[PDB]
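Read the structure below first, then the notes.
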Amino acid sequence: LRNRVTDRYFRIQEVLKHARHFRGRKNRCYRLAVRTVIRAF
Amino acid sequence: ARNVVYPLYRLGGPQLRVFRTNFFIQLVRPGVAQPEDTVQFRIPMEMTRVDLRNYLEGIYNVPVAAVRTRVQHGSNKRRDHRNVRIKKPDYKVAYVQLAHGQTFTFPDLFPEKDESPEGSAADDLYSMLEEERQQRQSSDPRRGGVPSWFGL
Amino acid sequence: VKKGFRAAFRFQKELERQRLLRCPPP
Amino acid sequence: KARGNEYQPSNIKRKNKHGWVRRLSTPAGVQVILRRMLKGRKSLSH
Amino acid sequence: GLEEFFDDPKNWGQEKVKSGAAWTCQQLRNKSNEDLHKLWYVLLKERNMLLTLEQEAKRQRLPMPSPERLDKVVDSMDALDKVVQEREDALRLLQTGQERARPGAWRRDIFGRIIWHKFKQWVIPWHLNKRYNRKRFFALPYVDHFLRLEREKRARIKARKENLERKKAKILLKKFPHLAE
Amino acid sequence: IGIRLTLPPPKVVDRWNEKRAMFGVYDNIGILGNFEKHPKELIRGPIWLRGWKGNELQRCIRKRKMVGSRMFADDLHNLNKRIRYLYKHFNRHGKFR
Amino acid sequence: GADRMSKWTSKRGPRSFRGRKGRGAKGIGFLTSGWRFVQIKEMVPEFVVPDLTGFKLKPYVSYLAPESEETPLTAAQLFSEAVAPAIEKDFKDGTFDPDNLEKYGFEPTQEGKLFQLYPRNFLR
Amino acid sequence: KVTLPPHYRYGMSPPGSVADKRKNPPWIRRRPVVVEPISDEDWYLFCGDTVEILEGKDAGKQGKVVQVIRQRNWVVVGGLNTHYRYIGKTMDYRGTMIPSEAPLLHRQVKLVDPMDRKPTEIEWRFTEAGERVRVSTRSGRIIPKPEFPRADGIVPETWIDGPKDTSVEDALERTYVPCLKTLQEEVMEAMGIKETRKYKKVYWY
RNA sequence: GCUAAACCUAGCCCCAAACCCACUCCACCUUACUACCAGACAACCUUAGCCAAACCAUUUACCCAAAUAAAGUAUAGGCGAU
RNA sequence: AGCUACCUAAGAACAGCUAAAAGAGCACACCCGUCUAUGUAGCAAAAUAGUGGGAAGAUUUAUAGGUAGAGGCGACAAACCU
RNA sequence: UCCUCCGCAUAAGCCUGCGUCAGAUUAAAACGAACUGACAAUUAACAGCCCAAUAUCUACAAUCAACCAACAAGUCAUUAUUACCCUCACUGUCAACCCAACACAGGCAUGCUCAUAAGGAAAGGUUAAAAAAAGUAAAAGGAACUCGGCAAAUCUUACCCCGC
Ligand SMILES: [K+]
Ligand SMILES: [K+]
Ligand SMILES: [K+]
Ligand SMILES: [K+]
Ligand SMILES: [K+]
Ligand SMILES: [Mg+2]
Ligand SMILES: [Mg+2]
Ligand SMILES: [Mg+2]
Ligand SMILES: [Mg+2]
Ligand SMILES: [Mg+2]
Ligand SMILES: [Mg+2]
Ligand SMILES: [Mg+2]
Ligand SMILES: [Mg+2]
Ligand SMILES: [Mg+2]
Ligand SMILES: [Mg+2]
Ligand SMILES: [Mg+2]
Ligand SMILES: [Mg+2]
Ligand SMILES: [Mg+2]
Ligand SMILES: [Mg+2]
Ligand SMILES: [Mg+2]
Ligand SMILES: [Mg+2]
Ligand SMILES: [Mg+2]
Ligand SMILES: [Mg+2]
Ligand SMILES: [Mg+2]
Ligand SMILES: [Mg+2]
Ligand SMILES: [Mg+2]
Ligand SMILES: [Mg+2]
Ligand SMILES: [Mg+2]
Ligand SMILES: [Mg+2]
Ligand SMILES: [Mg+2]
Ligand SMILES: [Mg+2]
């Protein structure tokens with residue numbers, strides 16, 4: 001049985017929704033946003 | 001004949017004879033200017049100029065004075081969608097010169113006059129299509145695009 | 001193509017929310 | 001001096017070195033053909 | 001003469017030339033060998049003419065008039081060959097009992113494969129023929145492993161093909177569930 | 001990207017097909033059948049796995065022992081290599097000693 | 001850098017290679033001293049062409065022809081049609097023996113014939 | 001000859017036409033169409049049959065079968081199950097609208113009982129003479145196989161022999177006298193060819 | 001709004017069962033796929049090493065003909081690793 | 001061993017001037033690669049421009065063949081063997 | 001107008017790779033086309049592909065081969081008897097081309113041409129900054145430069161170390 005993540009889209013949106021009002025690529029690129037969102041929190 | 005085994009000859013043996021030959025040849029129009037007495041053929045690869053002389057004389061009763069042959073390379077340059085080379089087949093060309101002053105000119109096998117049939121054809125589809133195109137008219141510039149069907 | 005129905009269904013719900021927001025019904 | 005042009009084609013050499021007859025002349029060479037046959041190579045030899 | 005390489009001059013430029021049927025094996029089986037010998041050349045001259053017209057059509061970039069004419073002549077000539085071959089085969093069996101005209105034998109080659117070796121004609125006996133004796137009609141033990149690998153490769157291909165058919169038969173029953181019977 | 005834009009075809013499961021309806025029947029063949037047959041004899045599958053369990057190393061050893069002589073050359077080579085790799089892993093590597 | 005996939009032909013290789021390889025044409029003689037070719041008349045295939053004057057069979061057959069069932073000729077059918085009648089007649093006459101099988105057309109050996117059935121020594 | 005990939009999709013246009021080559025280039029790889037397997041013996045629909053449409057816009061209507069595509073279990077019924085397409089279109093002209101038939105599956109049509117023009121189910125049965133015939137299940141009436149123009153396009157009733165066509169009398173004459181001689185030997189005798197030199201033995205190996 | 005995105009088939013995997021094995025004509029061990037000439041050469045012969053032994057030097061499991069059990073027992077071993 | 005090292009078979013090239021004897025000098029073709037600049041993902045995975053060494057000899061070079069990695073080959077640079 | 005580095009041919013290699021027609025796919029730019037589809041093509045006298053047996057014969061280079069002088073001592077030759085009445089097959093023949101991943105300033109044997117009768121174009125347009133590259137000219141001085149006269153210019157003397 002091969003299992004693959006099917007709802008990764010929603011997992012990404014949990015972080016990016018908090019980064020929409022950021023400047024630059026860190027408002028859309030998860031790798032960048034997640035670090036800045038943590039710092040924001 | 002081709003794709004057959006030839007009986008081996010030894011000194012003092014019988015004459016080799018072929019009864020039903022499977023050599024098939026096609027007379028072709030020369031691509032370049034040729035002498036009046038020259039006739040061009042594309043013959044099988046295994047057919048010799050000696051065979052063609054006896055072949056033309058025996059079957060067609062054509063008196064031949066000279067026969068020359070060459071091997072044309074078919075292009076292997078084309079590529080199919082898999083990038084695999086497609087080989088246009090190689091073929092042998094023969095040049096036959098007529099013997100007793102005879103001349104030959106390749107005939108026009110597709111005359112326009114004969115290709116034109118005076119008798120009319122009444123195909124329903126073709127007639128309808130031609131009729132509809134002619135009947136219907138083009139748009140009037142002064143109507144400014146307004147549909148023309150309505151009588152109002 | 002990934003196996004499953006839950007993620008696809010969830011994405012449909014979001015596509016229906018966005019469609020409505022683009023064209024709010026009268 | 002400049003390299004890369006080590007291939008100096010010669011049909012005589014190519015056939016003698018890697019040809020069908022050469023390959024079949026030794027058990028090791030026959031096994032070369034057998035391996036290429038098993039892999040399904042279109043070209044078994046030069 | 002050379003005019004026999006072309007169709008009747010009245011047919012030049014015609015869109016269609018009507019033709020009869022191709023000779024059938026049974027119709028030709030009623031004719032004598034001498035008649036079949038004459039018919040072969042009658043069919044041959046028609047074939048050369050049709051091949052001539054086909055090439056000129058390509059040269060002129062036009063469709064060949066009635067292209068089925070060529071297919072009929074080839075079928076007729078193939079049927080005539082088959083009839084003549086059957087008579088020779090029957091005569092060989094009666095007078096000799098041999099099923100094939102050309103001698104041959106089952107042989108193992110240098111690669112360990114079983115092959116039908118068709119014999120060739122020679123003027124000297126085989127034990128004196130230098131080139132013939134260079135050929136290896138036997139396989140050494142090092143070939144054994146490769147034969148097994150080839151057998152196992154064949155078995156794998158056959159196994160995949162058989163399993164696929166069973167899968168397809170089930171996909172079929174799913175789409176059409178009324179084939180239980 | 002990475003998520004399908006349409007719903008997949010609905011999953012139709014016939015819970016009362018003959019296979020499901022008769023699942024488990026004869027699992028007590030021995031207890032209720034005078035022990036003439038053991039339930040393990042109902043197991044169908046590879047000859048080296050019927051009514052037996054083991055880790056991957058043990059399964060490999062068992063298969064080579066029972067059907068190694070009938071295996072294809074390439075398959076047996078891989079099996080021998082797998083047994084060697086697993087022997088080194090289980091006997092020599094790991095957190096615990 | 002050589003093309004392994006393309007057909008090996010006489011157009012490829014050096015002068016010595018190009019002149020040794022042919023295109024499948026059967027030889028009709030041998031080379032003598034001085035590269036002088038000697039053509040043997042008996043080695044040249046002679047086309048046996050029949051006279052087609054007054055021959056009534058044409059390239060095609062009429063479409064208004066009754067269909068018939070295909071029956072390939074067999075050794076048994078040929079024997080029944082060609083050999084059996086003579087054997088039956090001599091049997092009734094009372095003079096039949098294995099010694100005379102050659103009378104009915106049996107050939108004990110193919111050697112000594114111009115056209116030998118096996119090994120076949122003649123061309124189509 | 002025939003060059004058809006393994007999963008080639010059979011369509012309305014004939015294999016190899018200008019429109020088939022455009023639709024199915026040599027590199028096309030579409031999903032297979034799953035077709036219910038019907039044995040050649042079981043197939044009961046032929047060109048010329050009168051069938052009733054059971055599904056679609058023309059449900060209940062009857063028409064003649066003009067084409068059968070066996071690879072798709074398809075029957076084309078002339079003038080029914082139609083849609084509209086423009087033909088002969090160009091940059092200037094819109095073209096001529098024509099009716100265009102869509103194919104129907106064998107289960108969407110029903111052969112009509114000859115006595116009563118109604119949809120009937122049929123079973124293949126053998127006559128007393130031994131001919132295989134279709135039989136109306138309910139009424140037991142022989143549905144005769146229709147007469148359709150031959151694919152070659154020849155009406156033999158109208159056939160006139162051409163200059164290169166052999167006459168029936170000459171084609172069906174029997175000149176074969178069975179003998180124990182090859183064509184070569186008989187032709188040598190007929191043509192008076194005399195060969196006295198003997199063929200020497202060769203070594204075969 | 002572009003570039004793109006999305007898809008369900010092609011087939012494949014592991015078992016079971018069953019031993020396995022091709023063929024038109026023509027060509028192909030010489031420079032394979034080359035119609036046709038004086039030759040005569042002929043097959044067998046211990047796996048090694050990585051690696052483990054925390055180096056390494058003796059030593060270090062490798063289907064060999066019934067699943068289980070006897071048993072990791074007798075026994076072998078720089079009596080160490082195994 | 002189609003590059004390269006060495007070898008085998010049978011080939012090829014070497015103007016003009018000096019001396020007329022030449023592993024002699026000047027100097028083309030040709031072989032080599034001293035020095036400088038340029039170039040440094042270049043025209044080039046070693047080149048270009050100029051300047052240089054040799055150029056009838058232990059010369060240069062086309063063709064086919066030979067020696068194979070526990071090895072070959074080497075006017076020993078631990079060179080060279082795609 | 002200006003280049004000529006060449007050029008033509010053979011060998012080797014390559015294998016249809018700027019011929020026709022039809023396509024607007026494209027040449028490190030560009031609608032001609034080397035890219036696409038179709039249709040054509042190289043014709044033997046040149047060249048390749050050779051030879052009946054057995055025995056027997058073959059001291060005396062080449063270099064204008066004549067004087068002359070050599071060493072490293074050399075590419076070219078038969079007869080005897082037997083056998084043998086036959087004839088012109090087969091294959092190479094195209095190109096703007098090969099080895100270098102390239103339409104690569106590199107590699108590449110021989111004949112002829114010795115500067116051309118053959119073959120070619122250094123500048124897409126403009127401007128005329130710096131720095132950089134390749135050249136030309138330079139007052140007076142003339143190695144004061146520099147590790148060193150490197151480079152350039154001119155064109156020469158003597159000596160030492162090492163290795164004949
Ligand atoms: K462990
Ligand atoms: K160590
Ligand atoms: K070599
Ligand atoms: K080429
Ligand atoms: K370069
Ligand atoms: Mg020629
Ligand atoms: Mg390389
Ligand atoms: Mg070289
Ligand atoms: Mg250790
Ligand atoms: Mg250490
Ligand atoms: Mg070499
Ligand atoms: Mg030498
Ligand atoms: Mg000189
Ligand atoms: Mg000197
Ligand atoms: Mg000098
Ligand atoms: Mg040296
Ligand atoms: Mg040293
Ligand atoms: Mg050193
Ligand atoms: Mg000549
Ligand atoms: Mg030329
Ligand atoms: Mg060089
Ligand atoms: Mg010029
Ligand atoms: Mg320019
Ligand atoms: Mg420039
Ligand atoms: Mg500029
Ligand atoms: Mg100054
Ligand atoms: Mg100073
Ligand atoms: Mg000074
Ligand atoms: Mg200073
Ligand atoms: Mg200087
Ligand atoms: Mg010195």
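Here is the naming used below: chain letters follow the sequence lines, and residue numbers restart at 1 for every chain.
- The aromatic ring of G/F17 sits over the base of I/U31, with ring centres less than 5.5 Å apart and planes tilted by under 30°.
- Among the protein residues, G/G27 comes within range of the nucleic acid bases, having at least one heavy atom under 4.0 Å from a base atom.
- F/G2 comes within contact range of the sugar-phosphate backbone alone, with a heavy-atom separation under 4.0 Å but no base atom that close.
- When distances are taken from the side chain of E/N133 to each of I/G39, I/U34, I/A32, the shortest belongs to I/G39.
- E/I171 has its CD1 atom 13 Å from the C1' atom of I/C12, to the nearest Å.
- In this structure, H/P32 reaches the sugar-phosphate backbone alone: every heavy-atom distance under 4.0 Å involves primed, P, OP1 or OP2 atoms, never a base.
- The CH2 atom of E/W116 sits 10 Å away from the P atom of I/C25 (whole-angstrom rounding).
- Across every non-hydrogen atom of B/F110 and E/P63, the tightest pair is CE2-O, 4.1 Å.
- One atom, CZ of G/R4, and another, P of I/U31, lie 18 Å apart when rounded to the nearest Å.
- As a whole-Å value, the separation of E/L128 CG from I/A38 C1' is 6 Å.
- Between B/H73 and K/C94, no base-stacking contact is recorded for ring centres under 5.5 Å apart and planes less than 30° from parallel.
- When both pairing distances are held under 3.5 Å, K/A22 makes a Watson-Crick or G-U pair with K/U36.
- When the P atom of K/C15 is taken as reference, atom CZ of B/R78 falls 19 Å away, rounded to whole Å.
- Phosphate contact (OP1/OP2 of I/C33, side-chain N/O of G/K21, threshold under 4.0 Å): present.
- Neighbouring nucleotides K/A61 and K/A62 stack on each other, with six-membered ring centres less than 5.5 Å apart and ring planes inclined by less than 30°.
- E/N163 comes within contact range of at least one nucleobase, with a heavy-atom separation under 4.0 Å.
- Classified by interplanar angle (parallel below 30°, tilted 30° to 60°, perpendicular above 60°), the ring pair E/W106/E/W116 is perpendicular.
- Centre separation under 5.5 Å together with a plane angle under 30° holds for the ring of G/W35 and the six-membered base ring of K/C50, marking them as stacked.
- Between E/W122 and H/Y205, the ring planes lie parallel to each other; the angle is under 30°, not in the 30° to 60° tilted range.
- At least one cation-pi condition fails for E/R102 and H/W204: the charged atom is not both under 6.0 angstrom from the six-membered ring centre and inside a 45 degree cone around its axis.
- For the OP1/OP2 pair of I/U82 and a distance below 4.0 Å, the side-chain nitrogens and oxygens of F/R92 include no atom meeting the criterion.
- In terms of position along RNA chain J, the nucleotide closest to D/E6 lies nearer the 5' end than the nucleotide closest to the other residue of the pair D/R3 and D/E6.
- The partner of K/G17 is K/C94, by the rule that a Watson-Crick or G-U pair needs both atom distances under 3.5 Å.
- For F/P46, taking side-chain heavy atoms from C-beta onward, the closest of the listed nucleotides I/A6, I/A16, I/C26 is I/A16.
- With ring centres under 5.5 Å apart and planes tilted under 30°, the neighbouring bases K/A59 and K/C60 are scored as stacked.
- Taking the side chain of E/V123 as heavy atoms from C-beta on, and the options I/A43, I/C36, K/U43, the nearest nucleotide is I/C36.
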Atom pairs, protein N/O to nucleotides 103-106 of chain K N/O, distance under 3.5 Å:
none

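- Taking atom CH2 on D/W20 and atom P on I/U34, their separation rounds to 14 Å, with Å as the unit.
- Within the 4.0 angstrom heavy-atom criterion, no nucleotide atom of any strand lies near E/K82.
- For the pair F/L76 CG and I/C62 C1', the computed distance is 10 Å after rounding to whole Å.
- If you check every strand for non-hydrogen atoms under 4.0 Å, G/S10 touches sugar and phosphate atoms only.
- Both E/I110 and E/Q121 lie near RNA chain I, and the one whose nearest nucleotide falls closer to the 5' end is E/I110.
- Remark: ring of F/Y87 stacked against base of I/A61; centroid gap under 5.5 Å, plane tilt under 30°.
- Among the protein residues, E/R131 comes within range of the nucleic acid bases, having at least one heavy atom under 4.0 Å from a base atom.
- Contact annotation for D/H18: base contact, defined as any heavy-atom pair under 4.0 Å involving a base atom.
- Classification of the K/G37/K/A38 step: stacked, the six-membered rings being closer than 5.5 Å at their centres and less than 30° apart in plane orientation.
- In this structure, E/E162 places its CD atom where more than 12 heavy-atom neighbours from other residues, nucleotides or ligands lie under 6.0 Å away.
- At the heavy-atom level, F/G51 lies nowhere under 4.0 Å from the strands shown.
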